[PDB]
Every structure is written in structure tokens, then in C-alpha cells.
């Protein structure tokens, strides 16, 4: 009966379970839509603001994602799309009670922010994960107007730095801040303003600073914020002075609730030890910006038994990770990044042995992101043997099409073992010398995989074909410079309807074959992204630079730049 159903329904908050209930009968479909709080829109060209606004009239929370992931590899030219305005414009009149907007890879303008700011009164959560096209002017507006803001989070967004003055536009009555991430800003924020700010916000649990806040000033901020759960330092360098070191140490251990630490730009090894009070309770640590050497990292890490997430340069080294491996029995996710990728000859001693270590040593390692220069099937075999529970595995070998360096063989059995043994592998990403055989492996075993990425691998369409044909759970495939073209794509065209997108760029997909797919598949949107003029100025059989296929229920988009073509 309507009321009790509404009450049962409010417990169900998973999208998959919401969809599931919307499909149990015409009545459930109706109760359900009216009391839906959040919409996840993974691909914003998949549906239209208007369609959404009428299905789900009382929505409090909107998450939307724009350009596909290979925009991070600078492979989606400016202008492509992403525009969020239409979304804001639509919700602006329909969604009075809107509380949050989390956007990923979108274009957002000062205009949009103005509009958010003036249309949304209960507004509380703005997350802009790698966006562009607003400036600090945009931010001012939000600071000025959003009486109720709880989160302002600008993870690797790319802002126009007009000035640090935006943060002072926050009025003195403002106190509700829970979360501030301003690490991508370069605009030096006014320190007084920031300090008064931190002080009158008792609920602020996450504070993430930009480089412009000097080490010397950190201590002062922490005294005002003793309840911090997450801190991102600003700069972490200074003249070495024990007044300085000590003020740090004190302030920091005054934060009994700190779990997560990052920032640490130009970190001076002398000033790291201040953070040891913290160490024994840390669960996340991100040392990606710190070029500190191995022993240092080591000294830091033995302190961290509860550590669950670790991001770090390759400075850690195998010795580094052997320690990690005995120390952090609770490690869930490790990301090792490179210190110098445009050099094929090592500067650190990071090898496969590193990852192998961690894998025997951490019963709970399930996420991996690892850059080395060398690799073996022996290593991948062992890894796969140790971690049947693995769920995201992204390896990345600096010099491409590099083979197993002991045997010289390609890495197919390597990666074959991963996909055979990690029965829940939901993400996989690949490198080194690989032949179609790996894909046969993926297609046979990767039954739960959702996301695959591939570059300089494979022999012929027979490879993409095994993936399209084998991977039941596939949601996202994305491919660059592989010998894959028309045969696999057309052979498997209806797979594309059970998938969120295919990116193929610098591959062998011909304009002709794009044309034909578009024809066979009205409900897809087969976009050709190409910058050398019209594709008929070229013979049908020539490869396009990039094609981006994706299902949608909104048909072709209206905002295509001029190097973009729907078929």
C-alpha cells in the first residue's frame, strides 16, 4: 500500500536495485520514480535532461560523466563535447530542491556556476572531477551565494586562475563546510581568509590545500581544525628549523581523527617525520607528488600498520615494497607511478619483483596500478596465483610491445593467468608484447570484466573479436594503435548495445565501415572524430583517426564540433 511502499523503497538506494523495482509492475514503477533521490548518468549523451527531469521529478542529487576516459591521454580534442549547461538550464527550473551535483570530465562555465548558485537554495555538494572552462570568478559566485554549501571539491580540474580572491567572497555567516579540495588551484588563496574560514567551520573533516600554502603555515591551520579526517598538505618544503618541525609535530598529533594524508609537494625528507603521530592510524596515504627516496618512504611506512591505500612514485623500489609487504597486512590498493617515463633505462630499481612481493604479502590486495619497465610471465603467473581475489589490475610497461625479458615470449600466458585466476577481475588494462592469443584468453575467462584498455597489442580483428564475443560483463572497451578494424566491429555489432562505449583511435577502422554501422544501428551513436577535413574528401576505405561508439536513447547530439560526424 502506497505509504508503506514508499517507506520500504527509501531503504533501497542502489541504482541496480532501484531499476529492478521500477520493473516489478506499473505501480512500483510509479511510487519508485517519485521518491528517487539520486540519478547516476554515466554518459551524458545517453539520455536527455528533459527525459530525466520528467521520469524523476523529485531528484536531490545528480552525477553526470562527459568525455570518455581517453580524454586524460590528451586524445579527445577541445570542443568535442562535455557541455553541462543544458543540464543546469533544465534542472534549474525543474529541480528546486536539488542538493548535489558531482560532474566528471565536463565543460562547466562561470555561467553554469552562477546558475547553480542562484537557482539552487539547498545546494550543498559540488564536485568537479577533471572539468574545464570555469575560472575563479566562477568559484567566487558559489562562495558568495550558496548559503548552505557542505562540499566544494575540485579534484584534477583545470581552472582559469584569475585570482585567489574567490575564497574571501565566502561570507562571515558561513560555517557549514565539510570538505574543501583546492589542490588543483594555483591562484594563491588569501591566507587570513582561509584561516578565518577553517576556524568558523566546526564540521570541516577534509581539507586539501594547494601548493601555495607553505609548510610554515600548515601548523596554524591544523590548530583550528583539530577534527580533520583527511588532510592534503600544501607545500612541504622550508628552511630546516626545529621550531618549524616542532610546531608541525604538535599540531598534527593534535588531530586524533586523521586517516588520510596527501599533498607533500617538493617534500623535504627532514620534515616528513613530523607526520608519525598520525602514521599508526592512517588508512590512506598518497605520496605521488613527493620525490623522496626509498629509505625515507620505508621509514614512513613501517609506521603505518592500518594503511589500506597507497599511491607512491617508483622511488619506493622493490626493497620499498618488500617492506610494505611485511608491514601492511591490511593493504587493499596499491598504485605505483613513474618518476620519469620518457627514459627507457631505469632511474629507480623498480622491477616486477616489487609487485610480486606485495602480492604474496598482502592477503587483501585487490586493486593495482603499477608502472615498471620490465616484466615476465613467471611474475604475472605468481601474482595471479597469490591473488585470486584481485579485482582491478592495470599494468603498464614503459617501453611498448616489450616481451617477457627472460624468455623473450609475448605476455599472453602472463595476462592469461590473471584472467583465468581472478574470477572477479572487473577491470583490466594491458601492455607489453601481446598477440591475439591474450584476447582469446580474455574472451574465454574475463567473464566479469567491465572495463578493458589496450594499446599496441593484438594481431588482427580476431582479437577484438574474441573480446566482443567473450566478455559477458563488458561495459567499456577502449583501444588505441592496435591492428583492429572493420571485421570484428561489424561481426559483433549488437554487442555494442550492451555496452556503454567503444573508443578506437589510431586503429584500422575505415570510414566506410563507420557509415555502415551507423546504418545498421540507429540506436547507437557512432561518432567519427577526425581533424583532417570531411571523411568523403578521402576514400571510404581509409581509417578514421578515432571513432567513439556509444548506446543512447536520445539519438544524435546537437553540440558536435566540426570535426565530429554522426552516421
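In this text, the rigid core denotes the largest set of C-alpha atoms whose superposition between the two forms falls within 1.5 Å. Residue numbers count along the first chain shown, from 1.
Core-fitted comparison in 6 other deposited structures of this protein shows that, between 339 to 347 and 305 to 313, the CA atoms farther from the shown form belong to 339 to 347. Annotation for 526 to 534 versus 496 to 504: the higher mean temperature factor (C-alpha) is found in 526 to 534. The stretch 293 to 301 shows the higher mean C-alpha B-factor when 293 to 301 is compared against 426 to 434 in the entry. Taking only the listed residues 276, 315, 393, 371, the entry reports the highest CA temperature factor at 276. Considering 468, 182, 343, 380 together, the PDB entry gives 343 the largest C-alpha B factor. The deposited CA B-factor of residue 444 belongs to the lowest third of values across its chain. Annotation for residue 94: C-alpha temperature factor in the highest third relative to the rest of the modelled chain, per the entry. Among all modelled residues in its chain, residue 86 ranks in the highest third by Cα B-factor. Looking at the C-alpha B-factors along this chain, the one for residue 415 belongs to the lowest third. Among the modelled residues of the chain, residue 57 sits in the highest third by CA temperature factor in this PDB entry.
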